[PDB]
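Observations on the model geometry
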Amino acid sequence: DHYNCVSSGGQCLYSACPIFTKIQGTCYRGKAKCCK
């Protein structure tokens, strides 16, 4: 039960998703965030 934001084309950083990218929801943990 996990979510991979890499297959959608977005990326998962370690800090809150930067405004330079869009929010694809959440990443593996709350400490990381997906971006696109």
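Residues numbered from 1 in each chain as written, not as in the entry; some residues may be left out. Heavy atoms only, no water.

**A short note on the overall build of the protein**
Helices and strands together make up the secondary structure of the protein, namely zero helices and two strands. In the protein, the proportion of contacts linking residues at least 24 apart, taken out of those at least 6 apart, comes to 19%. Surface exposure of the protein reaches about 2900 Å², of which carbon and sulfur atoms provide 56%. (Helix = DSSP H or I, 4+ residues; strand = E, 2+ residues; numbered from the N terminus. Contact = heavy atoms within 4.5 Å. Areas by Shrake-Rupley, 256 points an atom, 1.4 Å probe, with all protein chains shown as cover.)

**Digging into the UniProt feature "disulfide bond" in the protein**
Disulfide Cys5/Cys34 (UniProt): S-S 2.0 Å, present in this structure. Residue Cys5 is found in the segment before β1 (11–13), and its partner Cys34 is found in strand β2 (residues 33–35); the two are separated by 29 residues along the sequence. Each member of the pair, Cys5 as well as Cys34, is classed as buried. Between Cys17 and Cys35 the annotated UniProt disulfide holds up in this structure, with the two sulfurs at 2.0 Å. Taken together, the residues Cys17 in the loop between β1 and β2 and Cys35 in strand β2 connect sequence positions 18 residues apart. Classification of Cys35 by relative accessible area gives buried; the value is 2%. (Disulfide = S-S within 2.5 Å. UniProt positions renumbered as here; feature names shortened; annotations may be inferred. Buried < 20%, exposed > 50% of the residue type's maximum accessible area, 1.4 Å probe, protein only.)

**So, the state of the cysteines**
Applying the stated criterion across every chain yields a total of three disulfides. Paired through a disulfide, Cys12 and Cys27 show a sulfur-sulfur distance of 2.0 Å. Residue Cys12 is found in strand β1, and its partner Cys27 is found in the loop between β1 and β2; the two are separated by 15 residues along the sequence. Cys12 gets classed as partly exposed once you look at its relative accessible area, which sits at 24%. Covalent S-S linkage joins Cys17 and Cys35, the inter-sulfur distance amounting to 2.0 Å. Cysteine pairing in the protein follows 1-5, 2-4, 3-6, where each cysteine in a disulfide is numbered by its order in the sequence.

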